[PDB]
Amino acid sequence: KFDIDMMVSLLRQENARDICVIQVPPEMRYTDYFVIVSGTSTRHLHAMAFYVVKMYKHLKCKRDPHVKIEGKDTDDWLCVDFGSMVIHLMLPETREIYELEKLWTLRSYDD
Amino acid sequence: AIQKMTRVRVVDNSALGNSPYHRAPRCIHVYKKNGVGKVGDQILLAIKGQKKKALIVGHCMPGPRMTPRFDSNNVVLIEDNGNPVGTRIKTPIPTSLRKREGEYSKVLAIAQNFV
Amino acid sequence: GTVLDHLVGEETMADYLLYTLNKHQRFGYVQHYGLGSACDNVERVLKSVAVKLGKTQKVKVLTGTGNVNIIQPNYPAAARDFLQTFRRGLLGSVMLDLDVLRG
Amino acid sequence: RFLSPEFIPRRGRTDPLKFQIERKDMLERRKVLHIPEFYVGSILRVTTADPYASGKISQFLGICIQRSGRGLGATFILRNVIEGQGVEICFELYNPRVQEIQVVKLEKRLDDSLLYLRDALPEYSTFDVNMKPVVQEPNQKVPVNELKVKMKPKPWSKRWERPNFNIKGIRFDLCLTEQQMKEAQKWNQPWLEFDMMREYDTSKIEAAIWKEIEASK
Amino acid sequence: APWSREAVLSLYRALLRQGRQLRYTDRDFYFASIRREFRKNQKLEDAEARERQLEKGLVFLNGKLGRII
Amino acid sequence: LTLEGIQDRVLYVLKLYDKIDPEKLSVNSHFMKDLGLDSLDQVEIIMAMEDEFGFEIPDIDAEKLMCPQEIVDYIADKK
Amino acid sequence: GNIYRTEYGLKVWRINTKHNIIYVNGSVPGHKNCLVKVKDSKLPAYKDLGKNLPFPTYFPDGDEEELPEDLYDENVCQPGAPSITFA
Ligand SMILES: [Mg+2]
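Description of the structure in this document. Along each chain, numbering proceeds from 1 in written sequence order. Entry numbering may differ, and residues lacking coordinates are not shown. Following the order in which they are written, the chains are lettered starting with A and the ligands numbered starting with 1. As shown, the structure covers only some chains of a larger assembly, and all values describe those chains. Side-chain metrics rest on all non-hydrogen atoms present in the structure, leaving aside hydrogens and water.

### Remarks on the overall build of chain C
Phase 1 of the analysis: In terms of regular secondary structure, chain C is built from five helices and two strands.
Phase 2 of the analysis: Along the chain direction, N to C, the helices and strands of chain C fall in the order α-α-α-β-β-α-α.
Phase 3 of the analysis: Principal-axis analysis of the C-alpha atoms places the extent of chain C at approximately 55 × 30 × 25 Å.
Phase 4 of the analysis: By the burial criterion, 35% of the 103 residues in chain C qualify as buried.
Phase 5 of the analysis: Within chain C, contacts between residues at least 6 apart in sequence are counted, and of these 49% link residues at least 24 apart.
Phase 6 of the analysis: For every accessible area listed, the method is Shrake-Rupley and the probe measures 1.4 Å; residues are considered covered only by the protein chains on display. Surface summary for chain C: the accessible area is close to 6400 Å², and the carbon and sulfur share equals 53%.
Phase 7 of the analysis: For this count, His and the chain ends are skipped, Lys and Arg are scored as positive, and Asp and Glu as negative. The atoms used to mark charge sites are NZ of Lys, CZ of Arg, CG of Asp and CD of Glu. Between the averaged position of the 12 positive side-chain charges in chain C and that of its 9 negative side-chain charges there is a distance of 7 Å. Secondary structure follows DSSP: runs of H or I at least 4 residues long count as helices, runs of E at least 2 residues long count as strands, and numbering of each begins at the N terminus. Only protein chains enter the accessibility calculation, which uses a 1.4 Å probe; a residue is then buried when its area is under 20% of its type maximum, exposed when over 50%, and partly exposed in between. The criterion used for residue contact is that any of the two residues' heavy atoms lie within 4.5 Å.

### Points about the environment of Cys39 of chain C
All names here are of chain C.
Phase 1 of the analysis: With respect to the helices and strands, the residue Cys39 is situated in the loop between α2 (10–22) and α3 (42–53).
Phase 2 of the analysis: The class of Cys39 is partly exposed, set by a relative accessible area of 28%.
Phase 3 of the analysis: With twelve residues separating them in the primary sequence, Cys39 and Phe27 have C-alpha atoms 9.9 Å apart.
Phase 4 of the analysis: In contact with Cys39, other than residues within four places in its own chain, are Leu18, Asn22, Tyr29 and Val45.

### Remarks on the interface of chain E and chain F
Phase 1 of the analysis: At the junction of the two partners, chain E supplies 13 residues and chain F supplies eleven residues.
Phase 2 of the analysis: Where chain E abuts chain F, roughly 1100 Å² becomes buried across the two surfaces, and 60% of that area is made up of carbon and sulfur atoms.
Phase 3 of the analysis: By convention in these notes, a salt bridge is any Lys or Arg side-chain nitrogen within 4 Å of a carboxyl oxygen on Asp or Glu. Across the chain E-chain F interface, the total number found is two salt bridges.
Phase 4 of the analysis: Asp41 of chain F serves as the salt-bridge partner of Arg39 of chain E, at 3.3 Å between the closest nitrogen and oxygen.
Phase 5 of the analysis: For the purposes of these results, a polar contact is taken to be a pair of N or O atoms within 3.5 Å, where, inside protein, one atom must be able to donate a hydrogen and its partner to accept one; residues adjacent in sequence count only when each atom of the pair is a side-chain atom. Between the two partners, chain E and chain F, sit four residue pairs in polar contact.
Phase 6 of the analysis: For the side of chain E that touches chain F, the secondary-structure elements that each account for two or more residues are α1 (5–17) and α2 (27–38) of chain E.
Phase 7 of the analysis: When residues in the side of chain E that touches chain F are grouped by element, the largest group, seven residues, is from α1 of chain E.
Phase 8 of the analysis: Broken down by class, the residue content of the side of chain E that touches chain F amounts to six nonpolar, one polar and six charged. A 1.4 Å probe defines the accessible area here, and the buried area is the portion of it lost by two parts on being joined, summed over both. Classes in brief: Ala, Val, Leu, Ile, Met, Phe, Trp, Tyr, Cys and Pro nonpolar; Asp, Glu, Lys and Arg charged; the others, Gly included, polar.

### Thoughts on the interface of chain A and chain B
Phase 1 of the analysis: At the junction of the two partners, chain A supplies 24 residues and chain B supplies 20 residues.
Phase 2 of the analysis: Summing both partners gives a buried area of about 2000 Å² for chain A against chain B, and 47% of it is carried by carbon and sulfur.
Phase 3 of the analysis: Counting the contacts that link chain A with chain B gives two salt bridges.
Phase 4 of the analysis: One salt bridge in this structure joins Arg88 of chain B and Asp110 of chain A, with 2.6 Å as the shortest N-O distance.
Phase 5 of the analysis: For the pair chain A and chain B, the interface holds ten residue pairs in polar contact.
Phase 6 of the analysis: Taken together, the elements giving at least two residues each to the side of chain A that touches chain B come down to β4 (77–81), α3 (92–98) and α4 (100–105) of chain A.
Phase 7 of the analysis: Across the side of chain A that touches chain B, the residue classes tally to eleven nonpolar, three polar and ten charged.

### Observations concerning the side chain of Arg88 of chain B
Phase 1 of the analysis: Within the secondary structure layout, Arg88 of chain B lies in the loop between β4 (74–77) and β5 (89–92).
Phase 2 of the analysis: For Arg88 of chain B, a relative accessible area of 3% translates into the label buried.
Phase 3 of the analysis: For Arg88 of chain B, the side chain forms a polar contact with the main-chain oxygen of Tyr98 of chain A, separated by 3.1 Å.
Phase 4 of the analysis: Within the local environment of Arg88 of chain B, its side chain forms a polar contact with the side chain of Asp110 of chain A, the two groups lying 2.6 Å apart.
Phase 5 of the analysis: Aside from chain neighbours lying at most four places away, what touches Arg88 of chain B is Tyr98, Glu99, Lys102, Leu103, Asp110 and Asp111 of chain A together with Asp12, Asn13, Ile110 and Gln112 of chain B.

### Here's the deal with helix α2 (residues 41–50) of chain F
Phase 1 of the analysis: The buried fraction of α2 of chain F amounts to ten of the ten residues, a majority that puts the element mostly inside the structure.
Phase 2 of the analysis: Looking only at α2 of chain F, the buried set comprises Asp41, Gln42, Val43, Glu44, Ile45, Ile46, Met47, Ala48, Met49 and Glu50 of chain F.
Phase 3 of the analysis: Residues of α2 of chain F that are buried sit in contact with α1 and α2 of chain E together with α1 (4–16) and α3 (68–76) of chain F.

### Some remarks on the state of the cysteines
Residues and elements named next belong to chain D.
Phase 1 of the analysis: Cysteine sulfur atoms are paired as a disulfide whenever they come within 2.5 Å of each other. Applying the stated criterion to the full structure yields zero disulfides over all chains.
Phase 2 of the analysis: The structure places no disulfide on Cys90, whose sulfur is separated from the nearest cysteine sulfur, that of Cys64, by 9.9 Å.
Phase 3 of the analysis: A relative accessible area of 16% places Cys90 in the buried class.

### Some remarks on the sheet that holds strand β1 (residues 67–68) of chain E
Phase 1 of the analysis: Pairing between strands requires that DSSP locate at least two bridges from one strand to the other. Spatially, β3(A)-β4(A)-β5(A)-β2(A)-β1(A)-β1(E) is the arrangement adopted by the six strands of the open sheet, whose pairing is mixed. Two strands bound the open sheet, and with one partner strand each, they are β3 (69–70) of chain A together with β1 of chain E.
Phase 2 of the analysis: Interaxial angles span 0 to 180 degrees and are taken between N-to-C directions of axes, which are lines fitted to C-alpha atoms, for helices over the stretch in contact. Sitting on the sheet, helix α2 (residues 42–59) of chain A is in contact with β4 and β5 (85–90) of chain A, with an inclination near 160° to β5 of chain A.

### Looking at the packing of aromatic side chains
Phase 1 of the analysis: Only the six-membered ring of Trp is used, alongside the rings of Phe and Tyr, when aromatic pairs are assigned; centres must lie within 6.5 Å, and planes under 30 degrees apart are stacked while those over 60 apart are edge-to-face, with the rest tilted. If you walk through the whole model with that rule in mind, you get 17 aromatic pairs over all chains.
Phase 2 of the analysis: Measuring from centroid to centroid gives 4.7 Å for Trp160 of chain D and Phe165 of chain D, while their planes differ by 55°, and the two rings are tilted.
Phase 3 of the analysis: In this structure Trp160 of chain D comes out as buried when scored by relative accessible area, which is 3%.
Phase 4 of the analysis: Put simply, the rings of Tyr30, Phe34 and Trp104 of chain A together with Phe114 of chain B pair up and form one aromatic cluster.
Phase 5 of the analysis: One residue, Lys18 of chain D, lies across the ring of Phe19 of chain D, its end atom 4.5 Å from the ring centre.
Phase 6 of the analysis: The cationic tip of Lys108 of chain D hangs over the ring face of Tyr39 of chain D; the distance from NZ or CZ to the ring centre is 4.4 Å. Only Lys NZ and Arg CZ are tested; either one counts as a charge over a ring when it is within 6 Å of the ring centre and within 35 degrees of the ring normal.

### Quick notes on the arrangement of the chains
Phase 1 of the analysis: If you rank the eight pairs of chains in contact by how many contacts each has, first place goes to chains A and B.
Phase 2 of the analysis: Between chain C and chain E there is no contact, and the shortest C-alpha to C-alpha distance separating them is 26 Å.
Phase 3 of the analysis: Between chain F and chain G there is no contact, and the shortest C-alpha to C-alpha separation is 40 Å.

### Remarks on the pattern of salt bridges
Phase 1 of the analysis: Going through the model one piece at a time under the given rule, you end up with 24 salt bridges over all chains.
Phase 2 of the analysis: Note that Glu6 of chain D is salt-bridged to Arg30 of chain D, the shortest N-O span being 3.5 Å. Linking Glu6 of chain D in the segment before α1 (16–29) with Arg30 of chain D in the loop between α1 and β1 (43–49), this pair joins segments that are 24 residues apart in sequence.
Phase 3 of the analysis: According to the relative accessible area criterion, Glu6 of chain D is buried, its value standing at 1%.
Phase 4 of the analysis: The exposure class assigned to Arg30 of chain D is partly exposed, which follows from its relative accessible area of 24%.
Phase 5 of the analysis: Salt bridges here are not isolated pairs; linked through shared partners, they connect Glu99, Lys102 and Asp110 of chain A together with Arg88 of chain B.

### Concerning the side chain of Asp12 of chain B
Residues and elements named next belong to chain B.
Phase 1 of the analysis: Structurally, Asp12 is set in the loop between β1 (9–10) and β2 (42–47).
Phase 2 of the analysis: Notably, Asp12 is buried but unbridged: the nearest opposite-charge side chain belongs to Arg9, and the N-O separation is 10.0 Å.
Phase 3 of the analysis: At 3.1 Å, the side chain of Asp12 and the backbone nitrogen of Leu77 are in polar contact.
Phase 4 of the analysis: Excluding anything up to four places from it in sequence, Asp12 contacts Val76, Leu77, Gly86, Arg88 and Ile89.

It is worth stressing that arrangement in space is one thing and function is another; only the former is reported here.
Below you can see the structure in the form of structure tokens.
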């Protein structure tokens, strides 16, 4: 099953410079897990999202919907939607300007 | 719905969003085969003499039943590449955006509230 | 004034006087329209002249609750009257080419 | 006793066997969840599952401003101006994505449709989301609070000053002037309220509906 | 100057004590993100902002708006 | 449990720690002016200790370490 | 109006055997309480699948597995089934 534990097996395989997985409350409604990861270049991000779809296509999940990769024309942000987690790929410069880690951990106490 | 030159409001923490003086952005195009724009449709937007792409998030028009019918036509700003301009969104945003086709996972990571 | 003010914008032309009357050190709009001392924000300079000329406007502002009308100082009429005094010559003799005169 | 509006058939040339078949599916759904007595002035907290998320529930609180829709697809619309911004959700009553509906304050306002609260001040329509339900009394009259609102200036969404709407929930006098009181009274049309065949006399029909309700238990 | 001077010391130590059991999110970036939240923002500010910033981390201690796993 | 085992282990993880220096690192190092430390940076000294040795260090006794002689002497009787 | 028009490819979702109801998807030409002509579909994809249907007619005198009050489809919600949870 395509769950949270093999994300650590998959992201640390390609030497991700940053991993941030957040358990969102069940009250707040987007997903179950929120994954924010960074990269070295925009090339390293683009092949990284194109391999995390490679594991899902062979692991099965027959009845589940497919996967669309959003952001194929931009370089600073790449995001992939799934049923029980949503992964988000940025650059270390883009990490700070959006401050996306503190949004889902502090819903209304931030800048 | 949102045709050409409706008045909308930008719901963003942008420096371009808190406009003084003529504080009413005017759209110039909808990116559909109709003039009609619904929840999750690209539109253009003329702000301060600058034309900018935009994304409809909720309108004043009655649509389907269990979807919110917001009393202001509020619209989030994106550039051509697809990510939003701002850093935070404080207004409520409907959760009808996830299933619909488009770069909408960029928007839902910015919303503080999901009603 | 070689084009109509509509296609460019009255407030768009209004900020460009503040570029050319403050960075040229030609602060010549502060004896006819002296507001407090001098300002470089287009929001503030269209405020105080609208008080001095008595300008009122009724604008549909778009807040989240609905469409309400708020009486505001008339920012286009303040942007009009600030542009006419430039063309009459009651604001100072200015060169617009100092940006290309640098060097 | 309170008979809910959707069980009353609208006047029409529809065969009564259609509404008999409708009331069977109304009453089988009511076994699943309890539908309380909620009026047009009632405040409701509705929990719904939705297919947009991964299977969570959403709790939306609001004032039940308009309770039309006459059949199995009966609707009620709630209002909140939470975080300064108006939210307007039309809840279908018999849709199987609802889990439980409860009243926070069971009360009734003077008007049968509170659609004017769009043109009212937001102070008269905001509601505390985490507020506790009020303690109910078993057998007394429902509370009618004469809380006639004040409005924003004249360009409203609809012409509520006209007597065809028959709004009795506005303090009209301090926001509207006497010459355009008189001009709105030009549309008075006094013959409607004296009329007989535009009045749908529905007293006999509730006897068959209440016969159907208690025989289902 | 804050609500309590010792409460700043305790809220730093408790959030790292919640952070030693981190196993999926990287422990290396977690300690640096704790520091850059506090070295930049808790040196010199106004009066009421001191009470607000410490109460910000009390909500982050409970994890009722989201926990980092 | 040797006393000199405290001397070469607690100082070792401080030697890996890069904010302090060998230049002023005596046995009676002052922490405000002979080390250059902050209020929460004193906690960072403790969290350089608690991850490797301990796991029962309280809060109020972790304030008054103040010097490298006490961190050997106080935590010797902790065992 | 007042001409014979046909709508094509309308699914039956449900059947009430007691009052003889056909639950037909969408709208049918004609006003309420009007007489219609109910034929199996002409659409090529929807006209070959007729194996399980009772072929001459349906005969209630066969007395084998008497049909209930209401025959359903797979996707329909039962009135009496609880609230649907998508998780
Ligand atoms: Mg209006």
